[PDB]
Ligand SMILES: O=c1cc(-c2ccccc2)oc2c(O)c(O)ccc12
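One chain is shown next in structure tokens, namely the form deposited without the named molecule.
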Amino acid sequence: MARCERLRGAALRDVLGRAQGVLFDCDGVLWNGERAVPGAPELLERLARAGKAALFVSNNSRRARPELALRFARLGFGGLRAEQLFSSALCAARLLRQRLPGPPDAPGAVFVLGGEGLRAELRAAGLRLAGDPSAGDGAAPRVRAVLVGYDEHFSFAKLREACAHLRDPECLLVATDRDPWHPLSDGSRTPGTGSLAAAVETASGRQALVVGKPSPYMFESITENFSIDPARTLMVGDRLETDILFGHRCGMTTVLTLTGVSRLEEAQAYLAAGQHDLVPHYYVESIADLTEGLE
């Protein structure tokens, strides 16, 4: 059970040693905006050398996987497979693929609130999108899902159209994630998908199926590919309500890093109130502190 203990010394060598793999959130963990966390690339190197699997889990739905993978090299994390990176955009496409309720002849079109990167991910999964060029000579395909992603061009009209589609109770409502906002380099903040999801949910009177963290689906999507043991896996993140909760639901050992959104103070407060799902097992100032555990 989570005690929010600072991970160091003997315990750190025991935890890392027994760990068969590490799942990393990206923003606020590996980097902050234009700046990599010093020692983070070295940690990933040593993990590889120690035979421990590193996987990456991001709620990003703004860039498709190939472009998202570019950030790793850009910020000094070389030698990484695209297959190591899991994003809400990627997992949302796969979930729609699995769940679109249309007949095999026409599984249904997806109405997307989001950018070109997200649309690219969806098409690559073989998904038909509303707004795409119609066949012929032919009507517009029936919309069977609304997907809410990070939409920098969100609008009242798009909100209204989303509601029109959701008038059909058989139409799915899916959101890539529920992150309410994100910190920017200048200290400001940008609205998150969670804020757009709140509007669609409220206007339509429906609850969205959430793909990304802290929903366990992305982990199930990871197990789809690799065989990993949650009991032997670390989940490292900077955001309590997203990353740590995620780790708890998946049965992973959770590590909060302090280089991101959440503060030690919040973690300790949750512990006081006895909300153990939001309490990390361990914390470190930055993931650069984990490296000594590999000796």
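So that there is no doubt, residue numbering starts at 1 and follows the sequence shown.
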Going by the average Cα B-factor in the PDB entry, point out whether 168 to 176 or 184 to 192 comes out higher.
184 to 192
Out of 259 to 267 and 228 to 236, which stretch has the higher average CA B-factor listed in the record?
228 to 236
According to the Cα B-factor stored in this entry, which of the following is highest: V210, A93, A145, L80?
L80
Based on what the PDB entry reports, which of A106, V112, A197, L85 has the top C-alpha B-factor?
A106
Third of the chain, ranked by Cα B-factor, where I287 sits:
lowest
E220: C-alpha B-factor third of its chain, per the entry, is the highest
Against its chain's modelled residues, does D137's Cα B factor rank lowest, middle or highest third?
highest
For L278, return the chain-relative third of its C-alpha B-factor as stated in the PDB record: lowest, middle or highest.
middle
Looking at the C-alpha B-factor of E42, is it in the lowest, middle or highest third of its chain?
highest
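Separately, the form solved in complex with the named molecule exists; it is not shown, and the next lines address it.
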Clash verdict for the named molecule in the deposited complex, overlaid onto the shown chain (3 or more atoms within 2.4 angstroms of backbone or C-beta):
open
Would you kindly say which of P66, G33, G39, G251 lies with a heavy atom within 4.5 Å of the named molecule in the deposited complex?
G33
Given that the named molecule is left out here, which of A267, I228, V261, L55 has a heavy atom within 4.5 Å of it in the deposited complex?
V261
Even though the partner isn't displayed, in the deposited complex is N60 close enough to the named molecule, meaning a heavy atom within 4.5 Å?
yes
Answer yes if any heavy atom of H182 is within 4.5 Å of a heavy atom of the named molecule in the deposited complex; otherwise answer no.
yes
Determine whether any heavy atom of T190 comes within 4.5 Å of a heavy atom of the named molecule in the deposited complex, and answer yes or no.
yes
Partner contacts in the deposited complex for 18 to 33 (non-hydrogen atom within 4.5 angstroms of the named molecule):
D27, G28, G33
